[PDB]
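> Build me a model:
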Amino acid sequence: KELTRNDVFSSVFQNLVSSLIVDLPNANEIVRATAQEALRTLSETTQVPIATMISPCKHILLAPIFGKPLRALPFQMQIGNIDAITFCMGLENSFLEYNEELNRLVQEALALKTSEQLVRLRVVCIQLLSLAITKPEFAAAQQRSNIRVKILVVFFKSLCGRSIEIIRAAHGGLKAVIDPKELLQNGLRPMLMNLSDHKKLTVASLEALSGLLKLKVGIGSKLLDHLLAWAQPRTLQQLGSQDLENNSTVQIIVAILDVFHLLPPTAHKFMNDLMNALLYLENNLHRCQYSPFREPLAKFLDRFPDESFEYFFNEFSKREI
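Numbers count the residues shown, from 1 in each chain. Let me share the structure:
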């Protein structure tokens, strides 16, 4: 608590800071998190910035952080190194331009239970790229290298992927970088082609569609057509006794209803038809009190409350609605 000055911060305190820094890129996640938290609390208890404390002895981390390419290093050490990149860059100022080599390295690594480790590496890569392009200090440096368009197209390609977690990571990165129309249309063209397919849309596809629409009203009608195609023939009659919590078709159609939460802000064309379809699903499913389909409609009604309110008010006479 009583440490006062940088010269006092030197010698043994500098040794402690060096120990924390060398322990930062360690493979073990718990060790890395503990080191980060300890560094933050040690900096705050001495009333000096973290970057000021770590700048004098940054070379001990510098020696293995960039000299050894990630490809040669083992996978866990790669995760530790990239997390160290993210944490060190997350401070005020350091590594003005020399991390762009690792930027190309991570781009080429991303372009192509070990599967869980690969997923973790990919999501950390998404986070690293989003943070790197977010801060204007490195954007000003990278403007002439035209890397930002590469970052955007790689983010779009990842958002075209199948794993839901990397979809969420890419959506978060895109949200961060919002605060390119031709590139956006080019990237959404495969999404439009995928949405054109009927009865061939997975839950990850619907989640990606929702993420893209979070950024064209006929898409809603097409989703209604897919809903109807999934809905009539045999599903409701079979699911009368079968549980609805863990049937794949049920999750798919729940996603179909859910992606109607973030439709364009204008008044929805077939809201009447949407709720008639909901009544269809509820009645021929032979369920009266509760149905899982209600909560996808809850937020949809909340976002557009007025017209729904009157449309149910004029239907007050009948009990079912």
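> Can you give me the buried ones in the helix or strand hosting residue 88?
Element membership for residue 88, per DSSP states H and E: helix 75-89. Across helix 75-89, burial judged by 16 or more other C-beta atoms under 10 Å covers 77-89. The way it works is simple: take the backbone N, C-alpha and C, and place the C-beta from them, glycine included.
> I'd like those as CSV, with distance to residue 16 appended.
Shown next, in CSV, are the buried residues of helix 75-89 (distance: C-beta to C-beta, whole Å):
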residue, distance to residue 16
77, 24
78, 27
79, 25
80, 20
81, 22
82, 25
83, 21
84, 18
85, 23
86, 23
87, 18
88, 18
89, 23
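> of the residues you listed, closest to residue 119?
Nearest to residue 119 among these: residue 79, at 11.0 Å, using C-beta to C-beta.
> Could I get the contacting residues of the closest residue to the closest one other than its chain neighbours?
Closest residue in space to residue 79, ignoring its immediate chain neighbours: residue 121 at 5.7 Å, by C-beta to C-beta, 6 or more residues apart in numbering. By C-beta atoms under 8 Å, 6 or more residues apart in numbering, the residues touching residue 121 are 75, 78-79, 82, 109.
> quick check, nearest of those to residue 28?
Closest to residue 28, out of all of those and judged by C-beta to C-beta, is residue 79, at 10.0 Å.
> residues near residue 198, how many?
Residue 198 has 11 neighbours, counted by other C-beta atoms under 10 Å.
> That one: what's it in contact with?
225-226, 229.
> quick one: which of those is most hemmed in?
residue 226 (20 neighbours).
> Now the residue nearest to residue 79: phi and psi?
phi -60, psi -40 (degrees, to the nearest 10).
> Can you tell me the closest non-neighbouring residue to residue 151?
residue 133 (5.1 Å).
> Around that neighbour, count how many other residues there are.
That count, for residue 133 with other C-beta under 10 Å as the rule, works out to 21.
> Might one say that it is in contact with residue 177?
Yes. Taking C-beta atoms under 8 Å as the definition, residue 133 is a contact partner of residue 177 at 5.8 Å.
> Which neighbours do these two have in common?
Common neighbours of residue 133 and residue 177 (C-beta under 8 Å, 6+ apart) are residue 151.
> Quick check: buried residues in stretch 102-122?
Quick answer for stretch 102-122 (16+ other C-beta under 10 Å): 102-103, 105-106, 109-110, 120-122.
> what's the answer for stretch 45-53, then?
46, 48, 50, 53.
> Pretty sure the last one sits against residue 20.
No. Contact status for residue 53 versus residue 20: not in contact, 9.2 Å apart, counting by C-beta under 8 Å.
> What is the neighbour count of residue 2?
If we define neighbours as other C-beta under 10 Å, then residue 2 has 6 of them.
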